[PDB]
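Asker: Once you've seen the sequence and the experimental structure below, I've got questions.
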Amino acid sequence: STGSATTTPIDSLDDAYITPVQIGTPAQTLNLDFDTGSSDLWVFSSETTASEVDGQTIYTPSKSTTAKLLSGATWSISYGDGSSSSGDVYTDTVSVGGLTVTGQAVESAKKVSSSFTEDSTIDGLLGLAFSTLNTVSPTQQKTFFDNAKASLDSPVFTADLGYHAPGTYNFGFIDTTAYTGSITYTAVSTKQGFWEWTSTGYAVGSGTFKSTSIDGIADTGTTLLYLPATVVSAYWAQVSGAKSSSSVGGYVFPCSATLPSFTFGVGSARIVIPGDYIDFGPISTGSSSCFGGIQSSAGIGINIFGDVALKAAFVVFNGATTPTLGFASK
């Protein structure tokens with residue numbers, strides 16, 4: 001089997017992407033944030049504290065003939081931006097782009113933090129990291145991809161995120177029309193539960209490539225590219241007027257600036273992030289100061305190849321016995 005679903009930016013900055021997912025019988029369609037940096041499929045629901053729901057579409061398990069409560073099971077998650085959610089657990093039928101998993105753990109939120117409430121466009125998350133990070137207790141549950149794997153034509157999914165445009169998540173096949181040139185594959189460590197890999201270096205604009213190992217994660221659920229302070233300083237040093245602002249929370253630059261591209265290495269291959277992808281717009285409405293899309297990972301504890309990087313590539317998440325990641329230009 002295979003699946004193919006379009007993913008759509010939630011706003012004009014590509015802050016996140018939403019993908020329609022069918023849950024239950026008859027189908028209830030919710031728009032979920034596919035997150036390769038976490039491993040819980042959780043939804044706003046009929047159980048979510050009423051005051052914490054604001055415009056989201058909710059899953060109502062009592063209206064699904066295929067829903068079953070996983071008795072006694074609970075979940076609770078905290079993300080890198082400090083947001084969180086928690087609740088109880090159902091199993092139900094979940095379909096993405098024509099691909100159906102029966103008995104998928106669907107984690108029903110009883111509580112969500114303010115950032116989730118305040119984002120009316122995101123009805124929940126669909127985790128695509130390794131199931132070892134799943135937060136269900138007492139017994140950890142499998143991700144949608146883990147459950148689908150054995151039925152897939154090939155044990156893979158691909159992320160093809162758009163710049164200011166929709167893109168595609170495919171399951172079970174590689175669309176050879178969706179990229180240019182060849183896909184370069186690179187090793188993955190699952191030791192921390194993430195799609196963790198080592199970039200071979202970087203270049204700024206037309207500069208020479210610096211060969212240096214940068215360990216990080218491929219994370220579709222993080223907006224920006226977070227890299228070591230050395231690398232990030234070297235980038236912004238090439239932008240007139242750029243500076244790190246502690247008050248704003250990162251590097252800012254004059255909105256009038258022309259941003260250089262940023263190249264990262266995948267083995268002997270190279271992915272070029274155009275300068276425009278690094279512009280995240282005014283720091284506040286009407287400001288002539290803009291927020292940078294490449295920021296320091298210092299204090300996160302891990303480097304994160306988030307959407308700014310991933311949307312410059314066609315990315316293969318290969319869930320074979322020995323997992324790998326593939327990157328192609330497009």
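Answerer: Received it, and whenever you're ready, just let me know what you need. Numbering: from 1, shown residues only.
Asker: now residue 148, what's its secondary structure?
Answerer: Three-state assignment for residue 148 (DSSP: H, G, I helix; E, B strand; the rest coil): helix.
Asker: residues in contact with it?
Answerer: 1, 3, 99, 101, 171-172 (C-beta atoms under 8 Å, 6 or more residues apart in numbering). (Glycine included, C-beta is placed from N, CA and C.)
Asker: Of the residues you listed, which is the nearest to residue 278?
Answerer: Checking the contacts of residue 148 against residue 278 with C-beta to C-beta, the nearest one is residue 171 at 29.9 Å.
Asker: Measure how buried the nearest residue to the closest one once chain neighbours are set aside is and give me the count.
Answerer: Nearest non-adjacent residue to residue 171, counting by C-beta to C-beta, 6 or more residues apart in numbering: residue 3, 4.0 Å away. For residue 3, the count of nearby residues is 20 (other C-beta atoms under 10 Å).
Asker: Strands of the stretch 101-250 of the chain, residue ranges please.
Answerer: According to DSSP state E, counting those that start in this stretch, the stretch 101-250 of the chain carries its strands in the segments 124-127, 156-160, 167-171, 184-187, 196-204, 210-218, 225-227, 243-245, 250-254.
Asker: Quick check: neighbours of the fourth one in the sheet, parallel or antiparallel?
Answerer: Read that as strand 184-187. strand 324-328 (antiparallel) (DSSP bridges).
Asker: roughly how far is the strand it pairs with from the heart of the chain?
Answerer: The chain centre lies 15 Å from the centre of strand 324-328; the measure is C-alpha atoms, centre = their mean, to the nearest Å.
Asker: Residues in contact with it: which ones?
Answerer: Strand 324-328 has contacts (C-beta under 8 Å, 6+ apart) with 179-188, 195, 197, 218, 266, 269, 271, 313-318.
Asker: Measure how that strand sits relative to strand 196-204, angle-wise.
Answerer: Orientation of strand 324-328 against strand 196-204 (axes from the mean of the first three to the mean of the last three C-alpha atoms, to 10 degrees) gives an angle of 30 degrees.
Asker: As PDB, could you dump the C-alpha coordinates of strand 324-328?
Answerer: What follows is strand 324-328, C-alpha atoms only, in PDB (Å, rounded to 0.1, in the frame of the first residue of the first chain):
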ATOM      1  CA  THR A 324      18.700   6.300   6.800                       C
ATOM      2  CA  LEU A 325      17.800   9.700   5.500                       C
ATOM      3  CA  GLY A 326      17.900  10.800   1.900                       C
ATOM      4  CA  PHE A 327      18.100  14.400   0.600                       C
ATOM      5  CA  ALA A 328      17.700  15.600  -3.000                       C
END
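Asker: No further queries at this time; thank you.
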